[PDB]
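In: structure, please.
(2 chains, ligands or ions: 1)
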Amino acid sequence: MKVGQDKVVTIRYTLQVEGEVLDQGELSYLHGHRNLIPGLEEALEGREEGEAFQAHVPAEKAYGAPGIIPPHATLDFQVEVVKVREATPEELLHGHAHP
Amino acid sequence: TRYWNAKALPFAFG
Ligand SMILES: [Cl-]
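Out: Numbers count the residues shown, from 1 in each chain, chains lettered A, B, ... in the order given. The relevant structure is shown in the block below.
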């Protein structure tokens, strides 16, 4: 399936800034409800399960930046769409993905 | 590595 409005999407992600790996992990989210940092779900829009790609979010637009992240820097995400599925009644009711 | 000031990332803040 394609990432779209009201789908529950599972991604694997790696966060780098200027070539330095800062974080890695996996998450699930309900698409179309501003649940991720600005720019990331827009990069995910329309993608199929199994797609791997990069997304770039200005660090300013996320609340994380007293750090190793320079101001005006870019957050480079390497993202892989692991699974896309229909949301359950619970998930649609609350606007968030559930385990 | 996650830290307090960026704990939600890449989920939206708040
Ligand atoms: Cl969510």
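
In: which residues of chain B lie near chain A?
Out: Contact residues (Cβ under 8 Å from any Cβ of the partner chain) of chain B with chain A: B:1, B:2, B:3, B:5, B:6, B:8, B:9, B:10, B:11, B:12, B:13, B:14. For every residue, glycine as well, the C-beta is placed using N, CA and C.

In: of the residues you listed, closest to the ion?
Out: Closest to the ion out of these is residue B:11 (7.3 Å), distances taken as Cβ to the ion.

In: from chain B, which residue is nearest to chain A?
Out: Nearest residue of chain B to chain A (Cβ to the nearest Cβ) works out as residue B:6 at 2.9 Å.

In: apart from its chain neighbours, what residue comes closest to that residue?
Out: Counting by Cβ to Cβ, 6 or more residues apart in numbering or on different chains, residue A:64 is the residue found nearest to residue B:6 once chain neighbours are left out, at 2.9 Å.

In: how many other residues sit next to the one you found?
Out: Number of residues near residue A:64 (other Cβ atoms under 10 Å in any protein chain shown) recorded here: 21.

In: you'd agree residue A:91 is up against residue A:28?
Out: No - assessed by Cβ atoms under 8 Å, residue A:91 is found out of contact with residue A:28, at 9.6 Å.

In: quick one: the helices in chain A?
Out: Applying DSSP state H to chain A gives helices spanning A:40-44, A:89-94.

In: nearest to residue A:82, of these?
Out: Between residue A:82 and these, the shortest gap by Cβ to Cβ is with helix A:40-44, which sits at 11.8 Å.

In: any part of that closest one near chain B?
Out: Yes - Helix A:40-44 reaches chain B (Cβ under 8 Å from any Cβ) through residue A:40.

In: and the strands in chain A?
Out: Along chain A, the segments classed as strands by DSSP state E run A:7-17, A:20-30, A:52-58, A:74-86.

In: returning to that earlier point: can you count the residues close to the residue of chain B closest to chain A?
Out: If you count neighbours by other Cβ under 10 Å, residue B:6 ends up with 22.

In: can you pull the contacts of it?
Out: Going by Cβ atoms under 8 Å, 6 or more residues apart in numbering or on different chains, residue B:6 touches A:62, A:63, A:64, A:67.
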